[PDB]
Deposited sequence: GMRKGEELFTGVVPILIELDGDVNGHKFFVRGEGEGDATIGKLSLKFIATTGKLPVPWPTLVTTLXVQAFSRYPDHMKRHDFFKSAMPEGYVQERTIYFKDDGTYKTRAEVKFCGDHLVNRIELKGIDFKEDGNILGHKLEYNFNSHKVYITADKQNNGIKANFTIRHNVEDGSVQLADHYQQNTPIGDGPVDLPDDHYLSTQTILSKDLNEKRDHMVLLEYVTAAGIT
């Protein structure tokens, strides 16, 4: 109950109302998802960035990860279509932190993820505000655990952003997800993500390809 909504391809819409150190911004994303194979394809675009796109990549539909014998362990699919609240605190080392609250749910043929991001204490002209991050993304494993207290899931992981000079900028993620309406065992999502661009696009944008499997 909830698996049938991901029988094949589903249209996605992402919305992010964000500000970092005061500089408000807005990003919209559209595209499609196929939970059956674990593929995502999206075209993000800043309609208002004071911040590099890759720091926004984790926070921008985990429901689409390919779960193999683990179908009921899928908190993300089973909370559908009521949805879940995903809350995160992202601390970037020796630099600022983002706070995000997002509501992921279904709305017609569409699956939607509403985000409000607020970023604070960022060093001016550090790796993030000085834009020293490479326009790319690496592969990571996120560890999902069960949370009996609020009938949901906790997650812990660290993102390794590659920096233009050759060093690395770490981003500690702390995550909590709880359902909107009406527990899975310790498992992992391994993520692979490509960031690119479209040739004839003068607007600020991100082209995103993801493969995530449980």
| query | finding |
| --- | --- |
| Non-modelled portions of the deposited polymer sequence, in sequence order | 1-3, 52-53, 66, 75, 190-193, 226-229 |
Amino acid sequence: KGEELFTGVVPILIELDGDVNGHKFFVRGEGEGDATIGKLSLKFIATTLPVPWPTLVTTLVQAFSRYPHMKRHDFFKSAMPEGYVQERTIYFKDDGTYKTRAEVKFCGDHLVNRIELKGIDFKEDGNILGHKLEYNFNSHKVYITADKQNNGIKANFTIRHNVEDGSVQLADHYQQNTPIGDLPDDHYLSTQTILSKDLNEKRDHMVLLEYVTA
From here on, numbers count along this sequence of modelled residues.
| query | finding |
| --- | --- |
| Between 101-109 and 70-78 (mean CA B-factor, as deposited), the higher | 70-78 |
| Segment of higher mean CA temperature factor, 142-150 or 185-193 | 142-150 |
| Residue, from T58, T158, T36, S41, that the PDB entry assigns the highest Cα B-factor | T36 |
| Chain-relative CA temperature factor third for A63 | highest |
| Assigned third (lowest, middle, highest) for the C-alpha B factor of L199 | highest |
| Entry-reported Cα temperature factor of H131, expressed as the chain third it lands in | middle |
| B-factor third for the C-alpha atom of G31 within its chain | highest |
| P179, C-alpha B-factor rank within chain (lowest, middle or highest third) | highest |
